[PDB]
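Here the structure comes first, spelled out in structure tokens, and everything after it is commentary.
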Amino acid sequence: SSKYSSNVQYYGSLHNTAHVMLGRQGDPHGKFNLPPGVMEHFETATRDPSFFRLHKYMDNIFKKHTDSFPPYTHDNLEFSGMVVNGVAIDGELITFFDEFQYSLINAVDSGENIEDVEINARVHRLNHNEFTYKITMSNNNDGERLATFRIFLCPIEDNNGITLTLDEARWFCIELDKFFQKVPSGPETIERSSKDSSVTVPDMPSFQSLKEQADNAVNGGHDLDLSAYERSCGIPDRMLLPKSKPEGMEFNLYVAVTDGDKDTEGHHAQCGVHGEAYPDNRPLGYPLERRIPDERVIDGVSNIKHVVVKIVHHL
Amino acid sequence: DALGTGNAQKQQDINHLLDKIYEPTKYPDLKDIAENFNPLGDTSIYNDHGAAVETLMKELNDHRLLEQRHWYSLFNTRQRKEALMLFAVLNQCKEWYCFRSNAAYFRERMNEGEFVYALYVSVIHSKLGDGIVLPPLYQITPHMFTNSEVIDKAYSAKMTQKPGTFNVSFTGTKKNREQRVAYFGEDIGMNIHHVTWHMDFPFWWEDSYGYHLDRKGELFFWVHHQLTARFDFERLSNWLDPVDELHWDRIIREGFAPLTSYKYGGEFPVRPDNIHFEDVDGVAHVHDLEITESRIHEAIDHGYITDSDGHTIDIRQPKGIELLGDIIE
Ligand SMILES: *[C@H]1O[C@H](CO)[C@@H](O[C@@H]2O[C@H](CO)[C@@H](O)[C@H](O)[C@H]2NC(C)=O)[C@H](O)[C@H]1NC(C)=O
């Protein structure tokens, strides 16, 4: 419930109340006067497990609506002319555990004339290895068409072992990349990087380090062009792929390529932080956002292809 | 017989006896015996002067014994008593002439399970059954060991007289449970041992039957600790966690549907999952267990088991664990 609500006096605010409501579960009449809790804050909610129990519930309130549409037609997904020939991963899907260090200084009080001792915290975070997409593919059209390269990584079996369905699994898939490129009039072979993903963001510069740097261009004339960081909406590059098992799991990779001219049929525009119209017009999760009752179909549009990949975890 | 022994005789006799068991025998000697014999005319074959025979007749007479083609559990205090009367005749035979006679005479008018059950225990414990190997339960009475589907497939084979082997399944919705560690419980081998183990050392044995089984007591302690470990390991290998101990005050969290059927009897009932234990009429009260479990648990805790007189019999010593098993199973 944000202010674009049409009736806030009636529909209230499920989500946000649901954050305060899960937080004082520690003290609802407030007999102890404990402070607010991990869920009543954004830099800390993902910590508490009910955080994801609470968004699973918001999550299928949306799917309820999401699913009421009629499924898509053949004629629906087809971007006639284009066809994915093949999909390949140039490298290895390997994820491991790196090490990071951020600084504990603003945390301890130092008053004055007392001097600063550099204290640091070291954490353990996930990582993967750069890899490249080699998407081989022919534009049968007469000539050069704009393209939306959409890439989802959906799962395959259950954890019961079961092996779900692109209906059972269409919803579970996470987006790995979305980009716009022009396609030549004939068999190109587009290759693209772990590193250029559109949903990702690099780790950011240190506090200090941006002090060092700020300072140096003050006594020096002028610049700071580190535009690299004035928005950064995405998730951590480290989190690009999932962790998986050390034995390895085979995920399913979906590259569906839709038609750029109608997509951007009108217009960063990634983090539209300042008013900037989001550029893709397809709805979001396209085209996996709709019930897909007979796979029979996703399967026979030339511009959708799925290939299996396999990720491995280094201990 | 050879108006006796052999073993490829004793043996033959047995195979004839447990052949098509849900139907009157087809081996003619088994039948004139079946007809002609009188377990009561030469009490001499009998080391009891035939008090055992004389007791079964009495019941077969007032026809107060369980009917044929009906089911049977060894947990029924009467069915058991009837099955075990057959064991006491077959038991006091001086030779094959008395065994074949009786398991022929009886086979033909006592129920099948009492019968299957008596013939086996008797063969296992009685003096007279050395040479023999018993056929595997799984093939003599397949309904206790094969599925419900294969059973129906076999019924059709038969209706139509076209043969063949069917491949059996595994229980629930594999990839949905812990019918993932099924291969273990459902094996015809373990099921065989489980039954044998308790035919070798039965809970009902009295030392009047002839000898004393030695440490059934620890032997009970141990055999089950083994299946419980052996089981706990298989659940390790399946990403499953060691098993919950059951309590009477809690829900039976994990229920199953067995999909198995009796031959005469109906399908095995099923159990719904997250159920509350009910007091079962006829058997015993749920609390009846809860107190039993405390009387138990106080003998362990005290250091002594107390008998009927109020004698305290000490158990903090090596025979310990066997007097505990005699009170616990
Ligand atoms: C039951 O599983 C068995 C495995 O023993 C299958 O029997 C096989 O029949 C197939 C026909 O596809 C042969 O290729 C194999 O040689 C068979 N083996 C015996 C290794 O017969 C059987 O297919 C299963 N089903 C019936 C759906 O019997």
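Letters for chains follow the order of the structure tokens (A, B, ...), residue numbers begin at 1 for each chain, and ligand numbers begin at 1 in the order shown.
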
Review point. Do you know which residues are within 8 Å of ligand 1 using only C-alpha atoms and all ligand atoms? Can you write them as a PyMOL selection string?
Key: chain B and resi 165-168

Practice item. Compute the chain A side of the contact with chain B at 7 Å, counting only C-alpha atoms, and hand it back as a ChimeraX atom specification. Key: /A:160-162

Check your understanding: Restricting the calculation to only C-alpha atoms, which member of B:22, B:183, B:284, B:125 is positioned closest to residue 207 in chain B?
Key ->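 So, comparing all the options, the nearest one is B:125.
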
Revision key, fill the gap. Using only C-alpha atoms, the residue out of B:262, B:220, B:304, B:277 with shortest distance to residue 147 in chain B is B:262

Restrict the calculation to only C-alpha atoms, then for each residue of range 96-156 of chain A with any atom at most 12 Å from an atom of range 265-276 of chain A give the closest atom pair and their distance in Å to one decimal, rows by chain and rising residue number, as CSV.
residue,atom,partner,partner_atom,distance
A:146,CA,A:265,CA,10.6
A:147,CA,A:265,CA,11.6
A:148,CA,A:265,CA,11.5

Exercise for review: as a PyMOL selection string, please: all residues of range 118-325 of chain B that backbone DSSP puts in alpha helix (DSSP H).
Suggested key: chain B and resi 118-125+137-140+149-160+182-185+188-200+218-236+286-302+320-325

Selection to disk with C-alpha atoms, as a compact mmCIF listing (two decimals), in the first residue's frame:
# COMPACT_ATOMS: atom_id res chain seq x y z
CA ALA B 118 1.12 -74.36 13.79
CA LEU B 119 2.83 -76.38 11.12
CA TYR B 120 5.78 -74.00 11.07
CA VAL B 121 6.42 -73.50 14.71
CA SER B 122 6.07 -77.24 15.16
CA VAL B 123 8.38 -78.07 12.47
CA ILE B 124 10.92 -75.48 13.97
CA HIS B 125 10.78 -76.64 17.62
CA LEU B 137 6.23 -67.78 3.62
CA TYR B 138 6.14 -65.32 0.72
CA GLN B 139 5.34 -68.12 -1.67
CA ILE B 140 3.05 -70.27 0.50
CA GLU B 149 -2.03 -54.72 -7.30
CA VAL B 150 0.18 -57.58 -8.10
CA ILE B 151 -2.31 -59.71 -6.33
CA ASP B 152 -5.12 -58.54 -8.43
CA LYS B 153 -2.91 -59.02 -11.55
CA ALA B 154 -2.34 -62.52 -10.56
CA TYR B 155 -6.10 -63.06 -10.08
CA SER B 156 -6.62 -61.98 -13.59
CA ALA B 157 -3.81 -64.15 -14.97
CA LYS B 158 -5.73 -66.96 -13.43
CA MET B 159 -9.27 -65.87 -14.58
CA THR B 160 -7.98 -65.86 -18.11
CA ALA B 182 10.61 -48.42 1.89
CA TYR B 183 12.95 -50.83 0.19
CA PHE B 184 13.94 -51.74 3.71
CA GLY B 185 10.66 -52.41 5.42
CA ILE B 188 10.49 -60.17 1.61
CA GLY B 189 13.67 -61.03 3.33
CA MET B 190 13.39 -58.87 6.36
CA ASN B 191 9.83 -59.68 6.55
CA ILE B 192 10.81 -63.28 6.52
CA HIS B 193 13.44 -62.93 9.37
CA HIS B 194 11.06 -60.76 11.43
CA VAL B 195 8.51 -63.56 11.46
CA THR B 196 11.07 -66.31 11.84
CA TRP B 197 12.89 -64.52 14.66
CA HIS B 198 9.64 -64.67 16.62
CA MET B 199 8.81 -68.38 15.71
CA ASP B 200 12.33 -69.29 16.78
CA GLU B 218 18.33 -60.16 25.75
CA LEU B 219 17.65 -61.84 22.46
CA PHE B 220 14.47 -59.72 22.37
CA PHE B 221 16.32 -56.52 23.66
CA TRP B 222 18.88 -56.86 20.83
CA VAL B 223 17.02 -58.11 17.83
CA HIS B 224 14.90 -55.03 17.81
CA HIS B 225 17.64 -52.62 18.63
CA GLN B 226 19.13 -53.98 15.52
CA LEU B 227 16.22 -53.43 13.24
CA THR B 228 15.98 -49.99 14.87
CA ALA B 229 19.53 -49.11 14.08
CA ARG B 230 19.56 -50.83 10.72
CA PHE B 231 16.46 -48.74 9.99
CA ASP B 232 17.98 -45.49 11.32
CA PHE B 233 20.96 -45.98 9.03
CA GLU B 234 18.81 -46.40 5.89
CA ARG B 235 17.08 -43.15 6.78
CA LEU B 236 20.55 -41.53 7.00
CA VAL B 286 -4.62 -45.80 26.09
CA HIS B 287 -3.76 -44.93 29.56
CA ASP B 288 -3.40 -48.56 30.25
CA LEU B 289 -0.15 -48.25 28.40
CA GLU B 290 0.89 -45.00 30.00
CA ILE B 291 0.68 -46.79 33.42
CA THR B 292 2.33 -49.95 32.11
CA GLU B 293 5.17 -47.80 30.80
CA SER B 294 5.56 -46.38 34.36
CA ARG B 295 5.47 -49.57 36.19
CA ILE B 296 8.30 -50.49 33.71
CA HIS B 297 10.17 -47.52 34.01
CA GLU B 298 10.26 -47.72 37.80
CA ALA B 299 11.71 -51.10 37.74
CA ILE B 300 14.59 -49.68 35.69
CA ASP B 301 14.75 -46.76 37.94
CA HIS B 302 14.61 -48.62 41.25
CA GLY B 320 19.47 -57.75 34.32
CA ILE B 321 18.48 -56.81 30.83
CA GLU B 322 16.84 -60.23 30.24
CA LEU B 323 14.49 -60.13 33.20
CA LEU B 324 13.67 -56.63 31.73
CA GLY B 325 12.85 -58.16 28.42

Exercise for review: Write out as number ranges by chain which residues come within 10 Å of range 4-15 of chain B when counting only C-alpha atoms, dropping same-chain ones fewer than 4 positions away.
Suggested key: B: 19-20, 27, 29-30, 95-100, 103-104, 119-120, 123, 128-135, 140
